[PDB]
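Survey of secondary and tertiary structure
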4 protein chains.
Amino acid sequence: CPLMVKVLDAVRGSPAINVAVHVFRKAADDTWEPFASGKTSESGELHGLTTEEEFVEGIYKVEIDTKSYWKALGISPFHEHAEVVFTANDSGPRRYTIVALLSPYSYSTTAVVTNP
Amino acid sequence: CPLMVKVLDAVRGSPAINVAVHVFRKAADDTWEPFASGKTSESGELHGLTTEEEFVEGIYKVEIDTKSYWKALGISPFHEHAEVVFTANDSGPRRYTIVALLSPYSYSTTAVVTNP
Amino acid sequence: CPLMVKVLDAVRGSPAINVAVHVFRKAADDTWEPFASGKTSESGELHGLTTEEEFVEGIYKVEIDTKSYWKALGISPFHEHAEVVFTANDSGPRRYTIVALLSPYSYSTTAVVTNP
Amino acid sequence: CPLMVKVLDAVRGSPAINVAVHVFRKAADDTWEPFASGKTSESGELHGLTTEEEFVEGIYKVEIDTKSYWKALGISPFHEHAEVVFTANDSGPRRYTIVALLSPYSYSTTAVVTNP
């Protein structure tokens, strides 16, 4: 599982469930070509976005739809979304877990990168 | 006064100096128009990007060039950049401070929004 | 497993392995009585600190020895340790996961609290 | 100038006003001696705790009463308080800004340490 997203809710103290996540790869012309999406599970996790073979070196964008999450809880948010943009696999294939810690006016994104 | 960016280095506990920041605004056609740019000072702050009259309602994107900051310190960080995307001034003029806390594999962004 | 600690390293992008963790319960006289300790595993996790029966309502302190972790990596740290102090089980027994995101001059502690 | 505490509310994107802060210093016998105290102003800042001459080398503890802040807003938060424990001035006098970013189930603390 080369790419995993985990989302936590710092207001409720819970996994952030049903958060939509879209993944893009930067194209030759510098445009973003959306290619894996999903929604987080009851544990706040989204597994299964891509496979080893398809997840070649490149620049990737993970867009986490935080604004829809906070709207569905009735809480005003600041950001339109939380993006994470990174170059993948530059030194070989890696497994990436992106941990997003969400508050309405703040978030953090951390990568845990492990070698298979 | 209406938009200020503050960048801090969480490894050294210091302002992140000379960090490039580019601000864009979403046009009516949905493209990202360049809006303003600058670099952080010795205090890690970037003041003077815009004016109350030019900073009208809209969706703005702040991209902070965190990769070049780390690369100049010899580090190959995770994130290509830190980007903050938000609707501004939707209920009248506000002052926005965007705080970014940088680590090689993590970043934290917070908005402090005040009504002048 | 009523209490789990997960520690991440934002400088390397990895679980923080071999981090010492001590757990205390506040005594009747307001002193801290240390009672579960352990060290994080290769996944940055520490499971098995306490059991359902023993983890009664009370105020608990989790001390994470961040300073020793950063010293063992050769990196100067700011904090002596990261503490987390919380009242447990005030509305019934819960499972607590404490997520600590570590940088040398910054950290965050988040609780994910789930009902069994 | 030598110690300032800044507290921000990540739910509202605002300074956290009227937050009580107590500072202690570890004595030669290992007890925590009261050192100074104050409350955050309308800007979320607490200035004036100490002086360069009184703030000698030592281990200091800053406890921020985050629980009472949340309780006054109707919220039962996770943490009893946010406590920052650090050695100060070990290589000569420095200026310390302790930044705390608060959410009901998370807090982020960062030290910015400058040499005047």
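The rules behind these values
- Sequence positions in this view are assigned from 1 along each chain in the order the sequence is written. Entry numbering can differ, and residues without coordinates are absent from the display.
- Here every chain gets a letter starting at A, and every ligand a number starting at 1, in the order they are written.
- To obtain the side-chain values, all non-hydrogen atoms of the structure were used and water was disregarded.
- Each copy is placed on the others by a least-squares superposition of C-alpha atoms.
- In this analysis, two residues are considered to be in contact whenever any of their non-hydrogen atoms come within 4.5 Å of each other.
- Buried area: the accessible surface (1.4 Å probe) lost by two parts on joining, summed over both.
- Salt bridges are identified by distance alone: a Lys or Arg side-chain nitrogen within 4 Å of an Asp or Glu carboxyl oxygen.
- Pairs of N or O atoms are called polar contacts if they sit within 3.5 Å, as long as, within protein, a hydrogen donor faces a hydrogen acceptor (for residues adjacent in sequence, only side-chain-to-side-chain pairs).
- Under this grouping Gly is polar, as are all residues other than the nonpolar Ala, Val, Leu, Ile, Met, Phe, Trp, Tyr, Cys and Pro and the charged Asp, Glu, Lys and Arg.
- Pairing between two strands is assigned when DSSP locates at least 2 bridges connecting them.
- By definition, any uninterrupted DSSP run of H or I lasting at least four residues is a helix, any uninterrupted run of E lasting at least two residues is a strand, and each is numbered from the N terminus.
- Lines are fitted to the C-alpha atoms to define the axes, a helix being fitted only along its stretch in contact, and any angle between axes, read from their N-to-C directions, falls within 0 to 180 degrees.
- Only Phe, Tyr and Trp rings are paired, with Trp represented by its six-membered ring, and only when their centres lie within 6.5 Å; those with planes under 30 degrees apart are stacked, over 60 edge-to-face, the remainder tilted.
- Burial classes follow relative accessibility: with a 1.4 Å probe on protein chains only, a residue under 20% of its type's maximum area counts as buried, one over 50% as exposed, and anything between as partly exposed.
- UniProt positions are given in the numbering used here, feature names are shortened, and annotations may be inferred rather than shown by experiment.
- Working convention for charge: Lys and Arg count positive, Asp and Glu count negative, and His plus the chain ends are omitted.

Between chain B and chain A, which share one sequence, the superposing operator has a rotation angle of 179° and an axial displacement of 0.2 Å; the RMSD is 0.5 Å. Interpreted geometrically, this transformation is the action of a two-fold axis. Relative to the rotation axis, the closest C-alpha in chain B is found at B:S108, a distance of 2.2 Å. The residues that chain B uses at the interface reappear at the interface of chain A in 100% of cases, marking a shared surface.

This brings us to the relation of the copies chain D and chain A. Superposing chain D onto chain A requires a rotation of 179° together with a translation of 0.2 Å along the rotation axis, leaving an RMSD of 0.5 Å. With an isologous cut-off of 70% or more, the 100% of interface residues of chain D that recur at the interface of chain A puts this contact in the isologous class.

A word on the interface of chain D and chain A. Every contact between the two is made by 9 residues of chain D and, on the other side, 9 residues of chain A. Summing both sides of the interface, chain D and chain A together bury roughly 650 Å²; the carbon and sulfur share of this comes to 63%. Of all residues in chain D, the largest losses of buried area upon contact with chain A belong to D:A10, D:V11 and D:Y105, amounting jointly to 54% of the total for that side. In this assembly, chain D and chain A are joined by 0 salt bridges. Here chain D and chain A share 3 residue pairs in polar contact between them. When grouped by side-chain class, the residues that make up the side of chain D that touches chain A number 5 nonpolar, 3 polar and 1 charged.

Moving on, we come to the sheet that holds strand β6 (residues 58–64) of chain A. Residues and elements named next belong to chain A. On the basis of which strands lie adjacent, the open sheet formed by 4 strands has the order β4-β3-β6-β7 and antiparallel pairing. Two strands bound the open sheet, and with one partner strand each, they are β4 (32–39) and β7 (82–88). Neighbour to neighbour, the strand axes of the sheet diverge by 20° on average, direction disregarded. Note: β6 against β7, 7 bridges, orientation antiparallel. Paired with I59 across the bridge in β7 is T87.

For the structure on display, the rule yields 40 aromatic pairs over all chains. Considering the side-chain rings of A:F78 and A:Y105, the 5.3 Å spacing of their centres and the 40° angle between planes classify their relative orientation as tilted. Residue A:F78 is located in the loop between α1 (66–72) and β7, and its partner A:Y105 is located in the loop between β8 (95–103) and β9 (106–114); the two are separated by 27 residues in the primary sequence. Given the relative accessible area of 16%, A:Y105 is considered buried. Taken together, a centroid distance of 4.8 Å and an interplanar angle of 20° make the contact between C:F78 and D:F86 stacked. You can see C:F78 sitting in the loop between α1 (66–72) and β7 (82–88) and its partner D:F86 sitting in strand β7 (residues 82–88), one on each of two chains. Among the residues examined, C:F78 registers a relative accessible area of 4% and is labelled buried. Its relative accessible area of 0% is what places D:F86 among the buried residues.

What follows deals with the UniProt feature "binding site: L-thyroxine" in chain A. Residues and elements named next belong to chain A. As recorded in UniProt, the sites labelled "binding site: L-thyroxine" are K6, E45 and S108. Looking at the element boundaries, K6 is found in strand β1 (residues 3–9). Not counting residues within four places of it along the chain, the set of residues in contact with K6 comprises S43, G44, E45, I98, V99 and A100. Relative to the helices and strands, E45 is located in strand β5 (residues 45–46). Apart from residues lying up to four places away in sequence, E45 is in contact with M4, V5, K6, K39 and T40.

Here the focus is the pairing of strand β9 (residues 106–114) of chain B. Taken residue by residue, a regular strand's side chains alternate between the two faces of the sheet. Burial within β9(B) is extensive, with 7 of its 9 residues counted as buried. Taken together, the 5 bridges between β9(A) and β9(B) define a ladder with antiparallel strand orientation. Bridge pairing links A:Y107 to B:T109 in β9(B). Relative to β9(B), strand β8 (residues 95–103) of chain B runs antiparallel, the two being bridged by 9 bridges. For B:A100, the partnering residue across the bridge sits in β9(B) and is B:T109. Count of turn residues in the β8(B)/β9(B) antiparallel hairpin: 2 residues.

The topology assignment puts C:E83 in strand β7. Summary of buried charges: C:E83 has no salt-bridge partner, and the nearest side chain of opposite charge, C:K61, is 4.2 Å away. Those residues in contact with C:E83 that sit more than four places away from it in its chain are C:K61, C:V62, C:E63, C:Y107, D:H81, D:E83 and D:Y107.

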